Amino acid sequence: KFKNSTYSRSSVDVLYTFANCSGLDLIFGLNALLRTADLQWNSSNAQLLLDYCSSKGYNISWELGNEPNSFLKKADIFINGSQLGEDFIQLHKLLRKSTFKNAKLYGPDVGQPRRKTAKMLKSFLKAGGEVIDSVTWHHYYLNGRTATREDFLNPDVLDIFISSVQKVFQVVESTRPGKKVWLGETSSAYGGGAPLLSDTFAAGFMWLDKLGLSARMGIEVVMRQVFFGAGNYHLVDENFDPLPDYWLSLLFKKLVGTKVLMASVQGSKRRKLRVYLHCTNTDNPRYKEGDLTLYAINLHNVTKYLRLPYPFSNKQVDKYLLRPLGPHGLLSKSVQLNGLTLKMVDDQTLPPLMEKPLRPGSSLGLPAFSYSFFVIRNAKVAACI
């Protein structure tokens, strides 16, 4: 079904200037299906693009191929993981001879690790693992065409992610121990997303839980499909309005730090009350070194009250509770933070994200079908300094 298309210097410029003006680091996927007579990668088009990007001084990171596990179905071409690693070694030589000698290379952007994908990933890392900066793989929970509201709220669907992560680390530890692992493309549902679900408050349970598990389990970077585009799983719709998952992503960015800790609920039964703990983001002016950020998901149909353990029981806690704006409930495209609708002040100004200070010693209230961040002030955690 997929036909070849061309893109211009103009398109490359639009994309780079978007990323540069936005403070984002561009990673550009090169075409892996350009093949010589003997199914070697033909680097000649990539050479034209590297030279053009060098000639503009564009600092760009590279990938080569997308979901190579599916190249037979997509293009009736089979490239094994060995051959792909060899293709990456050839791209590495081109980057090392370019103006940006230390430019980074990520791959192989495999799908989630079913037996044949895991086999391709293993043979890829055996062959080409020395030249990649991080191992990239993709994850979606559901087909957007058949996904239900119940699926977006089901801990049994959320939990399938854990077995995919464990399987990717089993392959990486067997081949390139210590190599960083990235989720290179991820979202709720493929096929463009689940209509009236992937773009709503309901999408946030899967997004926040995936961030929480990815961080807990050792994944270094998670790339959300998509910031902007046609699919229902966009953070920002084609009218440039942010969807609930944008505001969730912005809060996560402001509050959640790089140092991952652990939280768990007593009596175990980690199903519908999901909890994650990091050090607070040191770039948030409001907070100081040693502060904790707890984030929690309540998939029960009743409010739950969380009690903080000693020695954090009597600390001042700042609540950041997200709830949908009615009347569409979990299927709303609008969200309130502590009862204030999140909306841009104008086209150049994000709103302030206002905290709710709780009464010290009070239990943390988490309404039914909600998610919240909680910053524990003056936590004085030595791990977080």
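Residue indices: 1-based, along the sequence shown. Whichever C-alpha set is largest while still superposing within 1.5 Å between the two forms counts as the rigid core.
**Student:** With the rigid core as the fit anchor, does 107-115 or 247-255 show bigger C-alpha shifts in 6 other deposited structures of this protein?
**Tutor:** Result of the core-fitted comparison in 6 other deposited structures of this protein: 107-115 deviates more.
**Student:** Taking RMS over all structures and residues, which stretch has CA atoms farther from the shown form in 6 other deposited structures of this protein, 270-278 or 225-233, after a rigid core fit?
**Tutor:** Of the two stretches, the larger average C-alpha offset in 6 other deposited structures of this protein falls on 270-278.
**Student:** Using only C-alpha atoms and the B-factors in the entry, which stretch averages higher, 286-294 or 158-166?
**Tutor:** 286-294 has the higher mean C-alpha B-factor.
**Student:** Regarding 118-126 and 245-253, which shows the higher C-alpha temperature factor on average in the entry?
**Tutor:** Averaged over C-alpha atoms, the B-factors run higher in 118-126.
**Student:** Whose C-alpha has the highest temperature factor in the PDB entry: 98, 280, 112, 187?
**Tutor:** If I rank 98, 280, 112, 187 by C-alpha B-factor, first place goes to 98.
**Student:** Of 322, 64, 49, 330, which one's C-alpha B factor is largest in the deposited record?
**Tutor:** Result of the comparison over 322, 64, 49, 330: 49.
**Student:** Relative to the other modelled residues of the same chain, rank the CA B-factor of residue 365 and answer lowest, middle or highest third.
**Tutor:** Ranked within chain, residue 365 CA B lands in the middle tercile.
**Student:** Compare the C-alpha B factor of residue 267 with those of the other modelled residues in its chain, then answer lowest, middle or highest third.
**Tutor:** Residue 267: CA B-factor falls in the highest third of its chain.
**Student:** Residue 200: which third of its chain by C-alpha temperature factor?
**Tutor:** For residue 200, whose C-alpha B-factor we compare with every modelled residue in the chain, the answer is the lowest third.
**Student:** Please say which third, lowest, middle or highest, residue 314 falls into when its CA temperature factor is compared across its chain.
**Tutor:** Highest third of the chain for residue 314's C-alpha B-factor.
**Student:** What third of its chain, lowest, middle or highest, does the C-alpha temperature factor of residue 218 fall into?
**Tutor:** According to the entry, residue 218 has a C-alpha B-factor in the chain's lowest third.
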